[PDB]
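A.B. asks: pasting an experimental structure, sequence included:
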Amino acid sequence: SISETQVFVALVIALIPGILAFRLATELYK
Amino acid sequence: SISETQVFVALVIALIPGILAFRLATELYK
Amino acid sequence: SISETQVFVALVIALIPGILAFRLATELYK
Amino acid sequence: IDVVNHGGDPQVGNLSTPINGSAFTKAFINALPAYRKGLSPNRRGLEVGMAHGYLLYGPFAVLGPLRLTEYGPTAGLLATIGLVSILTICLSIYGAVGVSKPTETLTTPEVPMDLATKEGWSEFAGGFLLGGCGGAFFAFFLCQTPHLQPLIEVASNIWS
Amino acid sequence: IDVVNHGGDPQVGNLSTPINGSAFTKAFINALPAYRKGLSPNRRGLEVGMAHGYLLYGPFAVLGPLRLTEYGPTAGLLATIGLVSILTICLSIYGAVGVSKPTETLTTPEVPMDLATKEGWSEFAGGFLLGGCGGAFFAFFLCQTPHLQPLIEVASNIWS
Amino acid sequence: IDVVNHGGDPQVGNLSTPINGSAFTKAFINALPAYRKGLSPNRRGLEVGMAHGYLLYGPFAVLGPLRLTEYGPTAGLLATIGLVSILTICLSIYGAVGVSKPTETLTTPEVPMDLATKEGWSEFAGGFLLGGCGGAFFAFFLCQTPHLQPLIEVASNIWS
Amino acid sequence: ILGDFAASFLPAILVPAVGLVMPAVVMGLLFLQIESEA
Amino acid sequence: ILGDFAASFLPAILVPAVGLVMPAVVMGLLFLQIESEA
Amino acid sequence: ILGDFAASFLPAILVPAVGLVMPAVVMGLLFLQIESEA
Ligand code: CLA
Ligand code: CLA
Ligand code: CLA
Ligand code: CLA
Ligand code: CLA
Ligand SMILES: CC1=C(/C=C/C(C)=C/C=C/C(C)=C/C=C/C=C(C)/C=C/C=C(C)/C=C/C2=C(C)CCCC2(C)C)C(C)(C)CCC1
Ligand SMILES: CC1=C(/C=C/C(C)=C/C=C/C(C)=C/C=C/C=C(C)/C=C/C=C(C)/C=C/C2=C(C)CCCC2(C)C)C(C)(C)CCC1
Ligand SMILES: CC1=C(/C=C/C(C)=C/C=C/C(C)=C/C=C/C=C(C)/C=C/C=C(C)/C=C/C2=C(C)CCCC2(C)C)C(C)(C)CCC1
């Protein structure tokens, strides 16, 4: 199985599409 | 002895002079 | 050793320079 | 004798029935925290929230997933706090949108002018928060301190 | 040297004695929550209620029908809450009747204009409620959490 | 393309950087309890105090002299109450000195006019007191009622 | 102390209501009635 | 009930966040967005 | 820890009063004194 740290690593990796989805959605609004 | 339900029956019967005493007192005020 | 009541006696005696220090400090301000 | 009249203006869509506006419903609705003459907001909201927080610790304390468990009153208190917080968020966003002057009816010919502004509804929401938390905690304390209090045995034997 | 003077106007029925209005009683009465210059109501009432709720958990906690019982502090808290609620109802109905501008004396030449209205006294009453509940609960928590706290052993050995 | 501009007036000592005032920091700072448009004081203070009292039951509950003791959560609650009371005294004396109109920046072109008076800052201080006490007690109740709640096991294994 | 009569919990509710609650309500209401102007 | 998988405490935090907290935040924010004037 | 001397409960009251309570009172009062206008 994967480790406990790999879950938190994948979460902070997932913040990079988390921020960029917020950046695309506001520019798609404009 | 009387039953438990007879006490609640007598209480909701007593609301009928409860309302009518409030109705007489306001009309006696007028 | 001294008694318990002597400590409270010395405290309420010490309120007499407690009040008079407050009275001198305000008059020294004026 | 027409006991069901209009309010003085027949073409307004309302009727002055005994239940609506006769003598005892004009008072006790004009004397509730909403529509009372002298109260400010954060006092109307305080009274309303205290009553609501007190009544809402009845279907959470004895009606819940934990009601057979000693944690049941505490879980009911937490659920009442959560519902009061959600309702306070609802009141806050309702005020933050922007409120108009409240509807004047036959029962309430005078509505509170202090609730016609966004600042008044913010005070009402804050008073509702403090009142709801206080009422929920007071009902929790009253239900918890005798630890049985057989009035709670009534309406939990019904809600078995 | 006349230390006992009038307030500036001799025909007003008051005297400016050292206790009444000299230097230390004009301040600390003008600096109490009532008569302080910058406070609004629901802040004066908050401070007054907090002090009152804190002091009133002294003759209910150790002086009651339950004072020999472990439920004694809880019963004292409930009694303090009930007395604060009764006093809040008294304040609310005193405001709801209609208040005048408060009496100006030699000690207090300026009285709060915000307490001269019914809306200000409603905020004062709501602040008194929240303050009284908070002060009573804080005194309950402080008296209850060490569970002995031998300062409470003093004035309960006196009130045996 | 200059993403770092001035605010419209270059000779004012500030810059409109993305972090400072671009699109997402003008909102969410203008939408915080401070700088929100519709809120009155004793509601801004209520929200701010609730957030602060909730967050401050984190370095007192699991970080204290009693943190290995069952009295640790209660001591953390009392310490949070004491810190909130000290901060309320600080807010009250800051208002009682006399406040000016708050500083207008690029992020906040409109500051609350209701906090520019001594009476508004007294309502803010009272709301901060009630909010801080409520938030500290709510965090105490949430941390105490499951009695373990293994989220508290996280960041206490770190702060061992 | 609860009695052997039927519905013994009703003294535990009505007596504090008639001795504490409704006299407080009646004195508050009569105070507002006798002290209101006009 | 915690699982045998790594970081079993993360369902206990994220599921109430995505099911209760952020839908409340999104409905509040969208309510303020769709009901604000001008 | 209480002492064997008479009135051992007085350090438990006066030391937090002189170390926490009255310095807070003195700093509040002196702050209001030195920051008040006119
Ligand atoms: C005037 C007549 C009279 C009097 C003096 C009493 C007196 C008493 N009753 Mg009551 N009661 C009465 C009528 C009367 N009752 C009748 C007709 C019923 C309905 C069937 C009951 C039902 C009843 C219950 C179920 C209980 C009592 C109890 C009590 C005691 C405390 C009062 C209380 O809390 O309950 C008052 C509660 C009521 C529902 C009574 C309502 C008012 C009644 C109907 C009469 C109205 C009073 C008066 C005429 C109006 C005010 C006059 C004013 C000038 C003073 C006390 C011994 C309690 C008890 O036994 O404690 C040990 C209790 O729990 N009563
Ligand atoms: C769209 C894809 C997708 C879907 C349907 C799910 C669905 C689920 N996930 Mg998630 N998750 C995903 C992506 C996905 N995930 C990815 C890419 C990661 C990062 C590596 C994870 C990390 C993850 C964790 C660590 C946990 C879950 C859990 C959950 C469950 C409840 C949701 C929750 O509270 O956590 C959502 C929490 C997140 C951090 C997800 C963030 C959002 C992801 C990245 C995708 C964005 C969704 C969508 C595309 C945008 C909205 C679309 C809209 C039109 C609906 C549910 C089974 C929980 C679980 O197992 O409970 C039993 C749990 O604790 N997820
Ligand atoms: C300046 C002289 C002096 C000094 C340095 C100390 C110092 C001490 N005393 Mg104190 N004390 C003094 C005078 C003095 N005392 C006298 C004259 C009495 C009255 C009989 C006592 C009665 C007393 C009691 C009963 C207790 C102490 C205790 C204490 C300790 C902590 C202070 C405290 O909380 O109590 C201060 C409490 C007081 C009532 C003192 C009042 C102030 C006194 C009278 C002198 C005023 C100080 C100074 C001259 C004015 C400020 C000067 C400024 C420039 C700094 C500390 C060791 C406590 C202790 O033993 O803890 C272990 C304790 O409970 N004191
Ligand atoms: C998908 C998200 C989701 C989640 C995570 C939950 C979570 C929960 N539900 Mg809920 N519910 C939801 C969706 C969800 N619900 C929806 C969509 C429905 C409609 C069909 C329901 C219908 C439903 C009912 C009708 C009931 C539950 C209850 C419960 C609780 C069961 C736990 C227990 O045993 O009692 C333990 C309960 C507690 C510890 C009380 C938790 C209260 C929290 C701590 C307050 C938090 C305060 C917070 C600041 C304010 C809210 C969040 C804020 C951001 C808006 C738990 C809190 C039961 C319950 O207890 O109600 C609360 C219950 O009666 N739910
Ligand atoms: C000379 C005065 C003095 C006194 C009497 C104390 C007293 C205390 N300190 Mg403190 N401290 C002081 C000076 C002092 N401090 C200064 C000068 C420093 C800076 C170097 C520190 C640094 C320090 C740290 C960083 C910590 C302590 C803590 C403690 C507590 C240890 C008790 C314990 O085991 O936890 C039991 C703790 C409690 C029961 C909490 C007590 C909170 C009270 C009951 C709130 C009172 C509310 C009140 C109305 C508001 C404040 C007073 C008001 C008049 C302004 C205790 C309250 C620890 C602590 O617990 O923090 C509170 C801690 O973390 N202190
Ligand atoms: C009369 C009448 C009626 C009505 C009825 C009902 C509906 C009732 C209800 C009732 C209720 C519903 C009540 C409630 C109550 C409440 C209360 C009593 C509250 C209080 C609270 C408090 C006092 C709290 C406190 C606090 C705070 C504030 C904070 C801190 C904490 C504490 C907790 C301390 C009807 C319509 C039929 C008609 C006829 C007549
Ligand atoms: C100084 C002086 C004096 C006076 C004395 C006295 C009279 C005292 C008293 C005192 C007191 C009487 C005090 C009190 C205190 C109080 C407090 C300290 C309170 C606080 C509280 C709180 C903080 C609470 C909180 C809360 C809330 C609000 C809600 C929720 C819950 C809780 C609980 C958390 C004389 C005249 C001799 C003269 C000389 C000088
Ligand atoms: C979002 C975001 C953020 C932020 C974060 C944070 C900072 C958080 C925090 C959070 C928090 C910090 C929270 C808090 C909460 C609170 C609460 C939830 C409270 C409530 C309370 C209550 C409800 C209480 C009640 C009461 C009263 C009032 C009185 C009586 C008693 C009682 C207790 C019942 C950032 C910046 C990163 C950016 C991104 C986004």
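C.D. replies: Ah, there it is. Residues are numbered from 1 along each chain as shown, chains lettered A, B, ... in the order given. Ligands and ions are numbered 1, 2, ... in the order given.
A.B. asks: where's the residue in chain D that ligand 2 sits nearest to relative to residue D:133, distance?
C.D. replies: Using C-beta to the nearest ligand atom, residue D:82 is the residue of chain D that sits closest to ligand 2, at 18.4 Å. (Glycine included, C-beta is placed from N, CA and C.) Distance of residue D:82 to residue D:133, given as C-beta to C-beta, to the nearest Å: 11 Å.
A.B. asks: the two: who's more crowded?
C.D. replies: Using other C-beta atoms under 10 Å in any protein chain shown as the criterion, residue D:82 and residue D:133 rank with residue D:133 on top: 27 against 13.
A.B. asks: which residue, neighbours along the chain excluded, lies closest to the more buried one?
C.D. replies: Spatially, and ignoring its direct neighbours in sequence, residue D:133 is nearest to residue F:134 (5.7 Å; C-beta to C-beta, 6 or more residues apart in numbering or on different chains).
A.B. asks: cool, and residue D:29?
C.D. replies: If you skip the residues right next to it in sequence, residue D:29 has residue D:107 as its closest partner in space, 5.2 Å away by C-beta to C-beta, 6+ apart.
A.B. asks: element containing residue 16, please.
C.D. replies: Picking chain A for this. helix A:4-29 (DSSP states H and E).
A.B. asks: chain G is the one I meant
C.D. replies: In the assignment (DSSP H and E), residue G:16 maps to helix G:11-16.
A.B. asks: ok, now residue D:125?
C.D. replies: Using DSSP H and E, residue D:125 sits within helix D:118-144.
A.B. asks: what about that helix, distance to the chain center?
C.D. replies: Offset of helix D:118-144 from its chain centre (C-alpha atoms, centre = their mean, to the nearest Å): 10 Å.
A.B. asks: quick one: that helix near ligand 6?
C.D. replies: Yes. On the criterion C-beta under 6 Å from any ligand atom, helix D:118-144 is in touch with ligand 6 at D:134, D:135, D:137, D:138.
A.B. asks: any residue of that helix up close to ligand 8?
C.D. replies: Yes. Using C-beta under 6 Å from any ligand atom, helix D:118-144 reaches ligand 8 at D:130, D:133, D:134, D:137.
A.B. asks: those residues, buried ones only, as a PyMOL selection?
C.D. replies: Command for PyMOL that selects the buried part of those, burial taken from 16 or more other C-beta atoms under 10 Å in any protein chain shown:
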select buried, chain D and resi 130+133+134+137
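A.B. asks: which two of the residues of helix D:118-144 next to ligand 8 have the greatest separation?
C.D. replies: Greatest spatial distance among the residues of helix D:118-144 next to ligand 8 (C-beta to C-beta): D:130 and D:137, at 10.7 Å.
A.B. asks: biggest separation within the residues of helix D:118-144 next to ligand 6, which pair?
C.D. replies: So, the residues of helix D:118-144 next to ligand 6 by C-beta to C-beta: farthest apart are D:135 and D:137, at 7.3 Å.
A.B. asks: which residues are in contact with both of the two?
C.D. replies: Counting by C-beta atoms under 8 Å, 6 or more residues apart in numbering or on different chains, the contacts common to residue D:135 and residue D:137 are residue D:53.
A.B. asks: what about the helices in chain D?
C.D. replies: Using DSSP state H, the helices of chain D run over D:18-21, D:44-55, D:72-97, D:118-144.
A.B. asks: among those helices, which comes closest to residue C:20?
C.D. replies: In terms of C-beta to C-beta, the element of the helices of chain D nearest to residue C:20 is helix D:118-144, at 46.2 Å.
A.B. asks: ok, whatever residue of chain D ends up closest to chain E - how many residues close by?
C.D. replies: Closest residue of chain D to chain E, C-beta to the nearest C-beta: residue D:38 (3.4 Å). By other C-beta under 10 Å, 17 other residues sit near residue D:38.
A.B. asks: any idea how far residue F:55 is from the residue of chain D found nearest chain B?
C.D. replies: At 6.8 Å from chain B, residue D:23 is the closest residue in chain D, using C-beta to the nearest C-beta. Residue D:23 is 53 Å from residue F:55, where distance means C-beta to C-beta.
A.B. asks: of those two, give the one with the bigger neighbour count.
C.D. replies: Counted by other C-beta under 10 Å, residue D:23 and residue F:55 do not tie: residue F:55 has more neighbours, with 13 against 10.
A.B. asks: sorry, back to before: residue D:26 is in contact with the residue nearest to residue D:29, correct?
C.D. replies: Yes. Contact criterion C-beta atoms under 8 Å: residue D:107 and residue D:26 qualify, at 6.0 Å.
A.B. asks: list the contacts for residue 1?
C.D. replies: Answering for chain A, as no chain was given. H:5, H:6.
A.B. asks: one more: the one 5 residues further on?
C.D. replies: For residue A:6, the residues meeting the contact criterion (C-beta under 8 Å, 6+ apart) are residue H:6.
A.B. asks: give the buried residues for stretch D:102-114.
C.D. replies: D:106, D:107, D:108, D:111, D:112, D:114.
A.B. asks: turn those residues into JSON lines, including distance to residue A:25.
C.D. replies: Listed next are those as JSON lines, based on distance: C-beta to C-beta, whole Å:
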{"residue": "D:106", "distance to residue A:25": "49"}
{"residue": "D:107", "distance to residue A:25": "47"}
{"residue": "D:108", "distance to residue A:25": "45"}
{"residue": "D:111", "distance to residue A:25": "41"}
{"residue": "D:112", "distance to residue A:25": "41"}
{"residue": "D:114", "distance to residue A:25": "40"}
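A.B. asks: let me know the closest of these to chain F.
C.D. replies: Lowest distance from chain F to the buried residues of stretch D:102-114 (C-beta to the nearest C-beta) belongs to residue D:114, with 10.5 Å.
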